[PDB]
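Colleague: This one is model11.cif, mmCIF, N, CA, C and O atoms.
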data_data
loop_
_atom_site.label_atom_id
_atom_site.label_comp_id
_atom_site.auth_asym_id
_atom_site.auth_seq_id
_atom_site.Cartn_x
_atom_site.Cartn_y
_atom_site.Cartn_z
N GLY Y 1 2.07 4.39 18.04
CA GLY Y 1 1.90 3.19 18.84
C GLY Y 1 2.77 2.04 18.35
O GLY Y 1 3.44 2.16 17.33
N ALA Y 2 2.77 0.94 19.10
CA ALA Y 2 3.56 -0.23 18.74
C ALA Y 2 2.92 -1.00 17.59
O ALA Y 2 3.60 -1.46 16.68
N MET Y 3 1.60 -1.13 17.65
CA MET Y 3 0.86 -1.85 16.61
C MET Y 3 0.72 -1.00 15.36
O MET Y 3 0.60 -1.52 14.25
N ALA Y 4 0.74 0.32 15.54
CA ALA Y 4 0.62 1.24 14.41
C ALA Y 4 1.64 0.92 13.33
O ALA Y 4 1.36 1.07 12.14
N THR Y 5 2.83 0.49 13.74
CA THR Y 5 3.89 0.15 12.80
C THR Y 5 3.59 -1.16 12.08
O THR Y 5 3.89 -1.30 10.90
N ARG Y 6 3.00 -2.10 12.80
CA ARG Y 6 2.66 -3.40 12.23
C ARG Y 6 1.71 -3.24 11.04
O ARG Y 6 2.03 -3.65 9.92
N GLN Y 7 0.55 -2.64 11.29
CA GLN Y 7 -0.44 -2.43 10.24
C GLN Y 7 0.08 -1.45 9.19
O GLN Y 7 -0.33 -1.49 8.03
N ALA Y 8 0.99 -0.57 9.61
CA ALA Y 8 1.57 0.42 8.70
C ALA Y 8 2.33 -0.26 7.57
O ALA Y 8 2.26 0.18 6.42
N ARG Y 9 3.06 -1.32 7.90
CA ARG Y 9 3.84 -2.05 6.91
C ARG Y 9 2.96 -2.47 5.73
O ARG Y 9 3.44 -2.60 4.61
N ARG Y 10 1.68 -2.68 6.00
CA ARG Y 10 0.74 -3.08 4.97
C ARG Y 10 0.20 -1.87 4.21
O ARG Y 10 -0.17 -1.97 3.04
N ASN Y 11 0.16 -0.73 4.89
CA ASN Y 11 -0.33 0.51 4.28
C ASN Y 11 0.59 0.95 3.15
O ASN Y 11 0.12 1.33 2.07
N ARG Y 12 1.89 0.92 3.39
CA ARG Y 12 2.87 1.32 2.39
C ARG Y 12 2.82 0.39 1.18
O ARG Y 12 3.00 0.83 0.04
N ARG Y 13 2.58 -0.89 1.44
CA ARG Y 13 2.52 -1.88 0.37
C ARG Y 13 1.24 -1.71 -0.45
O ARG Y 13 1.24 -1.91 -1.67
N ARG Y 14 0.16 -1.34 0.22
CA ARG Y 14 -1.13 -1.15 -0.44
C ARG Y 14 -1.13 0.16 -1.24
O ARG Y 14 -1.65 0.21 -2.35
N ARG Y 15 -0.55 1.20 -0.66
CA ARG Y 15 -0.49 2.50 -1.31
C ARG Y 15 0.10 2.39 -2.71
O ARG Y 15 -0.33 3.07 -3.64
N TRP Y 16 1.10 1.51 -2.85
CA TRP Y 16 1.75 1.31 -4.13
C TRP Y 16 0.91 0.41 -5.04
O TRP Y 16 0.95 0.54 -6.26
N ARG Y 17 0.16 -0.50 -4.43
CA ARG Y 17 -0.69 -1.41 -5.18
C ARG Y 17 -1.72 -0.65 -6.00
O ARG Y 17 -1.80 -0.81 -7.22
N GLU Y 18 -2.51 0.19 -5.33
CA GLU Y 18 -3.53 0.97 -6.00
C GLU Y 18 -2.90 1.98 -6.96
O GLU Y 18 -3.51 2.36 -7.97
N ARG Y 19 -1.69 2.41 -6.65
CA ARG Y 19 -0.98 3.37 -7.48
C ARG Y 19 -0.68 2.79 -8.86
O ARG Y 19 -0.70 3.50 -9.86
N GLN Y 20 -0.41 1.49 -8.89
CA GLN Y 20 -0.10 0.81 -10.15
C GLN Y 20 -1.33 0.75 -11.05
O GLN Y 20 -1.22 0.67 -12.27
N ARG Y 21 -2.51 0.79 -10.43
CA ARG Y 21 -3.76 0.74 -11.18
C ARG Y 21 -3.78 1.80 -12.27
O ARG Y 21 -4.41 1.62 -13.32
N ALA Y 22 -3.09 2.91 -12.03
CA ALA Y 22 -3.03 4.00 -13.00
C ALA Y 22 -2.31 3.56 -14.27
O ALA Y 22 -2.72 3.91 -15.38
N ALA Y 23 -1.24 2.80 -14.10
CA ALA Y 23 -0.46 2.32 -15.24
C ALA Y 23 -1.07 1.04 -15.81
O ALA Y 23 -1.35 0.95 -17.01
N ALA Y 24 -1.26 0.04 -14.95
CA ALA Y 24 -1.84 -1.23 -15.37
C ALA Y 24 -3.19 -1.03 -16.03
O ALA Y 24 -3.50 -1.65 -17.05
N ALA Y 25 -4.01 -0.15 -15.45
CA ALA Y 25 -5.33 0.13 -15.98
C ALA Y 25 -5.44 1.58 -16.45
O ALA Y 25 -5.04 2.50 -15.74
N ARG Y 26 -5.98 1.77 -17.65
CA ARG Y 26 -6.14 3.11 -18.21
C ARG Y 26 -7.42 3.76 -17.71
O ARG Y 26 -8.43 3.79 -18.41
#
What would you get if you wrote out this structure as structure tokens?

Modeller:
Amino acid sequence: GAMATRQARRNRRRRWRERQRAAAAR
């Protein structure tokens, strides 16, 4: 969809956010 891309831009940014938790937090 057209909006799917809009919210998606935040998904990719969030996916990396929680991913850092592994390094930042033991």

Colleague: So what do you get for atom N of residue 24 of chain Y versus atom O of residue 12 of chain Y, distance-wise?

Modeller: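 So the answer is 15.6 Å.
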
Colleague: What gap, in Å, lies between atom CA of residue 23 of chain Y and atom CA of residue 7 of chain Y?

Modeller: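 Atom-to-atom, atom CA of residue 23 of chain Y to atom CA of residue 7 of chain Y, that is 25.9 Å.
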
Colleague: Please compute the atom C of residue 2 of chain Y-atom N of residue 18 of chain Y distance, one decimal, in Å.

Modeller: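 About the pair atom C of residue 2 of chain Y and atom N of residue 18 of chain Y: they are 23.6 Å apart.
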